[PDB]
$ cat start-v3.tsv   # TSV, C-alpha atoms
chain	number	residue	atom	x	y	z
M	1	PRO	CA	-34.12	-57.18	43.62
M	2	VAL	CA	-31.16	-57.59	46.02
M	3	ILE	CA	-28.26	-55.20	46.49
M	4	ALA	CA	-24.68	-56.45	46.43
M	5	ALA	CA	-21.44	-54.86	45.17
M	6	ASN	CA	-20.44	-58.12	43.45
M	7	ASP	CA	-23.15	-58.03	40.77
M	8	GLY	CA	-22.58	-56.59	37.33
M	9	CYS	CA	-24.99	-53.68	37.50
M	10	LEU	CA	-25.00	-49.94	37.41
M	11	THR	CA	-27.36	-48.48	40.02
M	12	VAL	CA	-29.46	-45.37	39.26
M	13	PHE	CA	-31.38	-43.23	41.75
M	14	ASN	CA	-34.17	-41.20	40.10
M	15	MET	CA	-35.21	-39.10	43.08
M	16	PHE	CA	-38.08	-36.61	43.07
M	17	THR	CA	-39.70	-34.06	45.30
M	18	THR	CA	-43.19	-32.66	44.97
M	19	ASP	CA	-45.21	-29.86	46.49
M	20	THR	CA	-48.43	-31.91	46.39
M	21	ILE	CA	-49.70	-35.38	47.13
M	22	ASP	CA	-51.08	-35.07	43.59
M	23	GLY	CA	-47.38	-34.99	42.63
M	24	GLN	CA	-46.32	-38.23	44.32
M	25	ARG	CA	-49.49	-39.89	42.97
M	26	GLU	CA	-48.92	-38.96	39.33
M	27	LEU	CA	-45.20	-39.75	39.60
M	28	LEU	CA	-45.87	-43.16	41.19
M	29	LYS	CA	-48.50	-44.02	38.58
M	30	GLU	CA	-46.32	-42.77	35.74
M	31	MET	CA	-43.34	-44.82	36.91
M	32	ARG	CA	-45.34	-47.95	37.82
M	33	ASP	CA	-46.69	-47.81	34.26
M	34	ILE	CA	-43.16	-47.67	32.79
M	35	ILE	CA	-41.98	-50.42	35.17
M	36	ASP	CA	-44.92	-52.78	34.48
M	37	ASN	CA	-45.08	-52.22	30.71
M	38	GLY	CA	-41.62	-51.13	29.54
M	39	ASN	CA	-39.21	-53.40	27.64
M	40	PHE	CA	-35.73	-51.81	27.96
M	41	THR	CA	-32.75	-53.83	26.82
M	42	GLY	CA	-30.29	-54.29	29.67
M	43	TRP	CA	-32.81	-53.33	32.37
M	44	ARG	CA	-32.57	-55.57	35.42
M	45	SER	CA	-35.13	-54.24	37.91
M	46	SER	CA	-36.79	-51.13	39.34
M	47	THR	CA	-38.01	-50.49	42.88
M	48	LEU	CA	-40.39	-47.58	43.45
M	49	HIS	CA	-40.14	-45.62	46.72
M	50	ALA	CA	-42.75	-43.23	48.17
M	51	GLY	CA	-41.93	-41.15	51.18
M	52	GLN	CA	-44.01	-40.78	54.31
M	53	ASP	CA	-45.16	-37.18	53.70
M	54	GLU	CA	-46.56	-38.50	50.38
M	55	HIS	CA	-44.14	-36.04	48.76
M	56	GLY	CA	-41.60	-37.03	46.14
M	57	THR	CA	-40.62	-40.45	44.90
M	58	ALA	CA	-37.49	-42.52	44.33
M	59	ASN	CA	-36.89	-45.07	41.55
M	60	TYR	CA	-33.98	-47.48	42.34
M	61	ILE	CA	-33.03	-49.06	39.01
M	62	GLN	CA	-30.52	-51.80	38.23
M	63	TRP	CA	-28.94	-51.63	34.78
M	64	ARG	CA	-26.65	-54.13	33.13
M	65	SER	CA	-24.45	-51.51	31.48
M	66	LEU	CA	-24.10	-47.78	30.98
M	67	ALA	CA	-24.77	-48.32	27.26
M	68	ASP	CA	-28.24	-49.68	28.06
M	69	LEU	CA	-28.68	-46.65	30.35
M	70	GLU	CA	-28.01	-43.85	27.84
M	71	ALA	CA	-29.91	-45.89	25.21
M	72	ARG	CA	-33.13	-45.56	27.20
M	73	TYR	CA	-32.17	-41.88	27.64
M	74	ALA	CA	-32.32	-41.41	23.84
M	75	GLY	CA	-39.31	-41.96	23.20
M	76	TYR	CA	-38.21	-41.11	26.74
M	77	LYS	CA	-36.46	-37.75	26.39
M	78	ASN	CA	-38.76	-34.74	25.78
M	79	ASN	CA	-41.74	-37.13	25.93
M	80	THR	CA	-41.61	-38.33	29.55
M	81	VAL	CA	-38.94	-35.89	30.86
M	82	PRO	CA	-40.88	-32.57	30.65
M	83	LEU	CA	-43.87	-34.34	32.19
M	84	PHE	CA	-41.81	-35.24	35.27
M	85	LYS	CA	-40.21	-31.80	35.74
M	86	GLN	CA	-43.82	-30.51	35.74
M	87	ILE	CA	-45.05	-33.13	38.27
M	88	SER	CA	-42.03	-32.33	40.46
M	89	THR	CA	-40.05	-29.54	42.07
M	90	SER	CA	-36.56	-31.13	41.60
M	91	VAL	CA	-35.27	-34.13	39.62
M	92	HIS	CA	-32.03	-36.10	40.17
M	93	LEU	CA	-31.07	-39.05	37.96
M	94	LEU	CA	-27.98	-40.20	39.95
M	95	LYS	CA	-25.76	-42.77	38.18
M	96	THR	CA	-23.87	-44.78	40.83
M	97	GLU	CA	-22.05	-48.07	41.50
M	98	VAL	CA	-22.62	-50.11	44.63
M	99	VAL	CA	-19.13	-50.37	46.13
M	100	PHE	CA	-19.89	-51.68	49.65
M	101	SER	CA	-22.76	-53.15	51.69
M	102	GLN	CA	-23.35	-54.92	54.99
M	103	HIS	CA	-26.39	-56.06	56.93
M	104	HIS	CA	-27.54	-57.30	60.30
M	105	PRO	CA	-26.82	-61.05	60.62
M	106	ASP	CA	-30.53	-61.89	61.02
M	107	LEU	CA	-30.75	-60.98	57.25
M	108	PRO	CA	-29.39	-63.36	54.61
M	109	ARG	CA	-28.76	-60.53	52.14
M	110	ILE	CA	-30.16	-57.07	51.31
M	111	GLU	CA	-33.51	-57.50	49.57
M	112	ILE	CA	-35.61	-54.46	48.57
M	113	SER	CA	-39.24	-55.42	48.23
M	114	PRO	CA	-42.75	-54.02	48.89
M	115	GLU	CA	-43.41	-57.35	50.60
M	116	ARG	CA	-41.15	-55.96	53.38
M	117	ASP	CA	-41.85	-53.25	55.94
M	118	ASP	CA	-38.59	-51.29	56.01
M	119	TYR	CA	-37.98	-47.66	56.85
M	120	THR	CA	-35.84	-46.97	53.76
M	121	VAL	CA	-33.45	-44.01	54.26
M	122	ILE	CA	-31.52	-42.46	51.37
M	123	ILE	CA	-28.83	-39.81	51.85
M	124	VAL	CA	-27.01	-38.06	49.00
M	125	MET	CA	-23.55	-36.65	49.75
M	126	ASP	CA	-21.72	-34.09	47.65
M	127	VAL	CA	-17.96	-34.34	47.56
M	128	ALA	CA	-15.21	-32.72	45.52
M	129	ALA	CA	-14.08	-35.07	42.75
M	130	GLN	CA	-10.65	-34.95	44.39
M	131	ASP	CA	-12.17	-36.26	47.63
M	132	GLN	CA	-14.47	-39.03	46.44
M	133	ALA	CA	-12.02	-41.93	46.71
M	134	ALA	CA	-11.13	-41.14	50.31
M	135	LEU	CA	-14.78	-40.70	51.30
M	136	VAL	CA	-15.80	-43.93	49.57
M	137	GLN	CA	-12.92	-45.93	51.04
M	138	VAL	CA	-13.40	-44.58	54.56
M	139	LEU	CA	-17.20	-45.11	54.45
M	140	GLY	CA	-17.26	-48.45	52.63
M	141	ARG	CA	-15.68	-50.56	55.40
M	142	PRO	CA	-17.36	-53.11	57.68
M	143	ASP	CA	-18.98	-51.59	60.77
M	144	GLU	CA	-19.81	-54.24	63.32
M	145	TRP	CA	-20.96	-51.78	65.96
M	146	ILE	CA	-23.84	-50.41	63.84
M	147	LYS	CA	-25.00	-54.04	63.48
M	148	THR	CA	-25.78	-53.79	67.22
M	149	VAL	CA	-27.84	-50.57	67.18
M	150	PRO	CA	-31.51	-51.68	67.44
M	151	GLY	CA	-33.64	-51.26	64.34
M	152	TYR	CA	-30.63	-51.55	62.03
M	153	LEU	CA	-31.08	-53.94	59.09
M	154	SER	CA	-28.54	-52.96	56.39
M	155	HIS	CA	-26.87	-50.18	54.45
M	156	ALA	CA	-25.20	-49.96	51.05
M	157	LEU	CA	-22.66	-47.38	49.80
M	158	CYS	CA	-22.92	-46.17	46.21
M	159	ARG	CA	-20.34	-44.23	44.22
M	160	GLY	CA	-21.42	-41.55	41.78
M	161	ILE	CA	-19.88	-42.52	38.45
M	162	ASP	CA	-19.00	-38.89	37.62
M	163	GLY	CA	-16.85	-38.52	40.74
M	164	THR	CA	-19.13	-35.95	42.33
M	165	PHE	CA	-21.27	-37.58	44.99
M	166	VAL	CA	-22.00	-40.61	47.16
M	167	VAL	CA	-25.38	-42.16	48.08
M	168	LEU	CA	-26.11	-44.19	51.21
M	169	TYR	CA	-29.11	-46.58	51.07
M	170	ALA	CA	-30.13	-47.80	54.54
M	171	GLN	CA	-33.00	-50.00	55.78
M	172	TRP	CA	-34.32	-49.58	59.30
M	173	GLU	CA	-36.93	-51.33	61.41
M	174	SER	CA	-39.01	-48.19	62.03
M	175	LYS	CA	-38.85	-44.41	61.97
M	176	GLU	CA	-38.41	-44.39	65.74
M	177	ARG	CA	-35.46	-46.79	65.65
M	178	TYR	CA	-33.72	-44.64	63.02
M	179	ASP	CA	-34.58	-41.31	64.65
M	180	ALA	CA	-33.20	-42.77	67.88
M	181	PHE	CA	-29.91	-43.75	66.24
M	182	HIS	CA	-29.52	-40.54	64.24
M	183	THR	CA	-30.00	-38.27	67.27
M	184	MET	CA	-28.37	-40.31	70.05
M	185	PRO	CA	-25.47	-38.69	71.96
M	186	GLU	CA	-21.92	-38.49	70.69
M	187	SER	CA	-21.25	-39.94	74.14
M	188	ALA	CA	-23.08	-43.17	73.29
M	189	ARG	CA	-21.00	-43.44	70.10
M	190	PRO	CA	-17.89	-45.66	70.38
M	191	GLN	CA	-14.34	-44.42	69.88
M	192	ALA	CA	-13.85	-45.52	66.27
M	193	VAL	CA	-17.30	-44.39	65.09
M	194	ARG	CA	-16.65	-40.90	66.47
M	195	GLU	CA	-13.25	-40.70	64.77
M	196	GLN	CA	-14.72	-41.74	61.40
M	197	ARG	CA	-17.72	-39.37	61.45
M	198	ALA	CA	-15.36	-36.58	62.61
M	199	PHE	CA	-13.04	-36.88	59.60
M	200	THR	CA	-15.83	-37.59	57.06
M	201	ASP	CA	-17.43	-34.20	57.80
M	202	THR	CA	-14.29	-32.54	56.48
M	203	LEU	CA	-15.03	-33.97	53.00
M	204	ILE	CA	-18.82	-33.74	52.54
M	205	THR	CA	-19.82	-30.49	50.81
M	206	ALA	CA	-23.53	-31.12	51.30
M	207	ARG	CA	-25.90	-33.75	52.63
M	208	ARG	CA	-29.46	-34.63	51.56
M	209	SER	CA	-31.61	-37.02	53.64
M	210	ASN	CA	-34.93	-38.56	52.52
M	211	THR	CA	-36.96	-41.44	53.95
M	212	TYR	CA	-39.24	-43.66	51.90
M	213	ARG	CA	-41.30	-46.84	51.80
M	214	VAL	CA	-40.95	-49.41	49.02
M	215	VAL	CA	-44.26	-49.71	47.14
M	216	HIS	CA	-43.51	-51.31	43.75
M	217	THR	CA	-40.90	-53.61	42.24
M	218	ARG	CA	-40.36	-55.68	39.12
M	219	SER	CA	-37.34	-57.52	37.70
M	220	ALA	CA	-36.77	-58.40	34.05
M	221	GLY	CA	-39.02	-61.27	32.96
M	222	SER	CA	-40.68	-61.59	36.36
M	223	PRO	CA	-44.14	-60.53	37.62
M	224	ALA	CA	-44.39	-57.37	39.66
M	225	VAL	CA	-44.94	-57.09	43.42
M	226	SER	CA	-46.90	-54.16	44.82
M	227	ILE	CA	-48.72	-52.57	47.73
M	228	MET	CA	-49.63	-49.60	45.53
M	229	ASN	CA	-53.16	-50.32	44.11
M	230	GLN	CA	-54.72	-48.81	41.02
M	231	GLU	CA	-54.36	-45.08	41.76
M	232	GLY	CA	-50.94	-44.66	43.43
M	233	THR	CA	-52.44	-44.92	46.93
M	234	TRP	CA	-50.25	-47.56	48.59
M	235	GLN	CA	-51.50	-49.63	51.60
$ encode --input "start-v3.tsv" --output "structure tokens"
Amino acid sequence: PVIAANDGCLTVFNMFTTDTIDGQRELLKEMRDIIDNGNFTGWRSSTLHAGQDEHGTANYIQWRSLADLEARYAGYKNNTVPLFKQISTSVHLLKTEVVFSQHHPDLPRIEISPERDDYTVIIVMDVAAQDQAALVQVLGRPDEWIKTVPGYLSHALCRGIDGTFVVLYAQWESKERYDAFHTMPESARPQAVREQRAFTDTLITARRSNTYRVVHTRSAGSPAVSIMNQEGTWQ
């Protein structure tokens, strides 16, 4: 479905955790059903994410407008909502706006697609409403050095509409390439990237990291793409 700050879309992260594989399965089947069959005025696309430990799921959903968003949230509520809080152990419907994104030059854009084999990382950052703008503006700037860390493909910075939080959405070549980058020495980190990460920590209340794999996707008026198969199994 592509990710780019220039488009006219609100970006929603329905993120879930589960205690069971039964949980991911029922969530993935329940969301794939809504994706493949649902109408939804102003809905652009949804991309279903799984998670290696087969625990918890993430729906990345592009909306034309907030009005279309709350409309769907008007049916849905108390029908499909208590089901999900029962299939899950925490629910977050994060309403954000993509404010920045870059990618490795060997990519023409950021495409999110089960036809790809990305290690999809998502991190949620809490931030005092008074500190959001600084955090967004310091984080949402071009980083050419990351473009040269192996395994890196792209990342996109999203702003929580209610001032409260910031989501990063990164794509990596493999778990090992990302684990290598995330744990490498402060030594190996250039001067400017140390200065940034050292001042950002003073503004992030909390941090929440999850890694997924894209398994389903469908844009308005287009056929779906999947690796999921009939029961929520996925490849």
$ closest_residue --input "start-v3.tsv" --among "M:151, M:140, M:190, M:185" --to "residue 171 of chain M" --atoms "only C-alpha atoms"
M:151
$ residues_around --input "start-v3.tsv" --residues "residue 133 of chain M" --least-positions-apart "3" --cutoff "12 Å" --atoms "all atoms listed in the file" --output "PDB file with C-alpha atoms, in the frame of the given file"
ATOM      1  CA  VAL M  99     -19.130 -50.370  46.130  1.00  0.00           C
ATOM      2  CA  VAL M 127     -17.960 -34.340  47.560  1.00  0.00           C
ATOM      3  CA  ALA M 128     -15.210 -32.720  45.520  1.00  0.00           C
ATOM      4  CA  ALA M 129     -14.080 -35.070  42.750  1.00  0.00           C
ATOM      5  CA  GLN M 130     -10.650 -34.950  44.390  1.00  0.00           C
ATOM      6  CA  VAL M 136     -15.800 -43.930  49.570  1.00  0.00           C
ATOM      7  CA  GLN M 137     -12.920 -45.930  51.040  1.00  0.00           C
ATOM      8  CA  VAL M 138     -13.400 -44.580  54.560  1.00  0.00           C
ATOM      9  CA  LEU M 139     -17.200 -45.110  54.450  1.00  0.00           C
ATOM     10  CA  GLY M 140     -17.260 -48.450  52.630  1.00  0.00           C
ATOM     11  CA  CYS M 158     -22.920 -46.170  46.210  1.00  0.00           C
ATOM     12  CA  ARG M 159     -20.340 -44.230  44.220  1.00  0.00           C
ATOM     13  CA  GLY M 160     -21.420 -41.550  41.780  1.00  0.00           C
ATOM     14  CA  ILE M 161     -19.880 -42.520  38.450  1.00  0.00           C
ATOM     15  CA  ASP M 162     -19.000 -38.890  37.620  1.00  0.00           C
ATOM     16  CA  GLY M 163     -16.850 -38.520  40.740  1.00  0.00           C
ATOM     17  CA  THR M 164     -19.130 -35.950  42.330  1.00  0.00           C
ATOM     18  CA  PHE M 165     -21.270 -37.580  44.990  1.00  0.00           C
ATOM     19  CA  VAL M 166     -22.000 -40.610  47.160  1.00  0.00           C
ATOM     20  CA  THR M 200     -15.830 -37.590  57.060  1.00  0.00           C
ATOM     21  CA  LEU M 203     -15.030 -33.970  53.000  1.00  0.00           C
TER      22      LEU M 203
END
$ closest_residue --input "start-v3.tsv" --among "M:39, M:113, M:11, M:210" --to "residue 125 of chain M" --atoms "only C-alpha atoms"
M:210
$ residues_around --input "start-v3.tsv" --residues "segment 72-86 of chain M" --least-positions-apart "6" --cutoff "12 Å" --atoms "all atoms listed in the file" --output "MDAnalysis selection string"
chainID M and resid 14:20 22:31 33:34 38:43 56:57 63 65:66 92:93
$ axis_aligned_box --input "start-v3.tsv" --around "segment 30-41 of chain M" --padding-each-side "4 Å" --output "JSON"
{"center_x": -39.7, "center_y": -48.3, "center_z": 32.3, "size_x": 21.9, "size_y": 19.1, "size_z": 19.0}
$ atom_distance --input "start-v3.tsv" --atom1 "atom CA of residue 215 of chain M" --atom2 "atom CA of residue 71 of chain M"
26.5 Å
$ closest_residue --input "start-v3.tsv" --among "M:64, M:218, M:32, M:141" --to "residue 50 of chain M" --atoms "all atoms listed in the file"
M:32
$ closest_residue --input "start-v3.tsv" --among "M:44, M:49, M:116, M:147" --to "residue 69 of chain M" --atoms "only C-alpha atoms"
M:44
$ closest_residue --input "start-v3.tsv" --among "M:222, M:191, M:229, M:90" --to "residue 1 of chain M" --atoms "all atoms listed in the file"
M:222
$ closest_residue --input "start-v3.tsv" --among "M:114, M:135, M:104, M:143" --to "residue 46 of chain M" --atoms "only C-alpha atoms"
M:114
$ residues_around --input "start-v3.tsv" --residues "residue 112 of chain M" --least-positions-apart "3" --cutoff "10 Å" --atoms "only C-alpha atoms" --output "number ranges by chain"
M: 1-3, 46-48, 60, 109, 115-118, 120, 171, 214-217
$ write_last_selection --input "start-v3.tsv" --atoms "C-alpha atoms" --output "PDB file, in the coordinates of the input"
ATOM      1  CA  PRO M   1     -34.120 -57.180  43.620  1.00  0.00           C
ATOM      2  CA  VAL M   2     -31.160 -57.590  46.020  1.00  0.00           C
ATOM      3  CA  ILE M   3     -28.260 -55.200  46.490  1.00  0.00           C
ATOM      4  CA  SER M  46     -36.790 -51.130  39.340  1.00  0.00           C
ATOM      5  CA  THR M  47     -38.010 -50.490  42.880  1.00  0.00           C
ATOM      6  CA  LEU M  48     -40.390 -47.580  43.450  1.00  0.00           C
ATOM      7  CA  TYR M  60     -33.980 -47.480  42.340  1.00  0.00           C
ATOM      8  CA  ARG M 109     -28.760 -60.530  52.140  1.00  0.00           C
ATOM      9  CA  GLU M 115     -43.410 -57.350  50.600  1.00  0.00           C
ATOM     10  CA  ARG M 116     -41.150 -55.960  53.380  1.00  0.00           C
ATOM     11  CA  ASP M 117     -41.850 -53.250  55.940  1.00  0.00           C
ATOM     12  CA  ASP M 118     -38.590 -51.290  56.010  1.00  0.00           C
ATOM     13  CA  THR M 120     -35.840 -46.970  53.760  1.00  0.00           C
ATOM     14  CA  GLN M 171     -33.000 -50.000  55.780  1.00  0.00           C
ATOM     15  CA  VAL M 214     -40.950 -49.410  49.020  1.00  0.00           C
ATOM     16  CA  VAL M 215     -44.260 -49.710  47.140  1.00  0.00           C
ATOM     17  CA  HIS M 216     -43.510 -51.310  43.750  1.00  0.00           C
ATOM     18  CA  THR M 217     -40.900 -53.610  42.240  1.00  0.00           C
TER      19      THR M 217
END
$ atom_distance --input "start-v3.tsv" --atom1 "atom CA of residue 212 of chain M" --atom2 "atom CA of residue 45 of chain M"
18.0 Å
$ atom_distance --input "start-v3.tsv" --atom1 "atom CA of residue 153 of chain M" --atom2 "atom CA of residue 184 of chain M"
17.7 Å
$ build_atoms --input "start-v3.tsv" --residues "segment 184-197 of chain M" --atoms "N, CA, C and O atoms" --output "CSV table (one decimal), keeping the file's coordinate frame"
chain,number,residue,atom,x,y,z
M,184,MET,N,-28.9,-39.9,68.8
M,184,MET,CA,-28.4,-40.3,70.0
M,184,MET,C,-27.1,-39.5,70.3
M,184,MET,O,-26.5,-38.9,69.4
M,185,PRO,N,-26.6,-39.6,71.6
M,185,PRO,CA,-25.5,-38.7,72.0
M,185,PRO,C,-24.2,-39.1,71.3
M,185,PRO,O,-24.0,-40.3,71.1
M,186,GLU,N,-23.3,-38.2,71.0
M,186,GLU,CA,-21.9,-38.5,70.7
M,186,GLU,C,-21.3,-39.3,71.8
M,186,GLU,O,-20.5,-40.2,71.5
M,187,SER,N,-21.6,-39.1,73.0
M,187,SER,CA,-21.2,-39.9,74.1
M,187,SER,C,-21.5,-41.4,73.8
M,187,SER,O,-20.5,-42.2,73.8
M,188,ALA,N,-22.7,-41.8,73.5
M,188,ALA,CA,-23.1,-43.2,73.3
M,188,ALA,C,-22.4,-43.8,72.1
M,188,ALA,O,-22.6,-45.0,71.8
M,189,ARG,N,-21.6,-43.0,71.3
M,189,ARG,CA,-21.0,-43.4,70.1
M,189,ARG,C,-19.6,-43.9,70.4
M,189,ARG,O,-18.8,-43.1,70.9
M,190,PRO,N,-19.2,-45.1,70.0
M,190,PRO,CA,-17.9,-45.7,70.4
M,190,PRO,C,-16.7,-44.9,69.8
M,190,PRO,O,-16.9,-44.0,68.9
M,191,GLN,N,-15.5,-45.2,70.2
M,191,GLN,CA,-14.3,-44.4,69.9
M,191,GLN,C,-14.1,-44.3,68.4
M,191,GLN,O,-13.9,-43.3,67.8
M,192,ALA,N,-14.2,-45.5,67.7
M,192,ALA,CA,-13.8,-45.5,66.3
M,192,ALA,C,-14.9,-44.9,65.4
M,192,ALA,O,-14.6,-44.2,64.4
M,193,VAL,N,-16.2,-45.0,65.9
M,193,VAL,CA,-17.3,-44.4,65.1
M,193,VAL,C,-17.3,-42.9,65.2
M,193,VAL,O,-17.8,-42.2,64.3
M,194,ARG,N,-16.8,-42.4,66.4
M,194,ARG,CA,-16.6,-40.9,66.5
M,194,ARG,C,-15.5,-40.4,65.6
M,194,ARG,O,-15.6,-39.4,64.9
M,195,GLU,N,-14.4,-41.1,65.6
M,195,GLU,CA,-13.2,-40.7,64.8
M,195,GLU,C,-13.6,-40.7,63.3
M,195,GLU,O,-13.2,-39.7,62.6
M,196,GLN,N,-14.3,-41.7,62.8
M,196,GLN,CA,-14.7,-41.7,61.4
M,196,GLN,C,-15.6,-40.5,61.1
M,196,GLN,O,-15.2,-39.7,60.3
M,197,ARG,N,-16.8,-40.5,61.7
M,197,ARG,CA,-17.7,-39.4,61.4
M,197,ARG,C,-17.1,-38.0,61.6
M,197,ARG,O,-17.6,-37.0,61.1
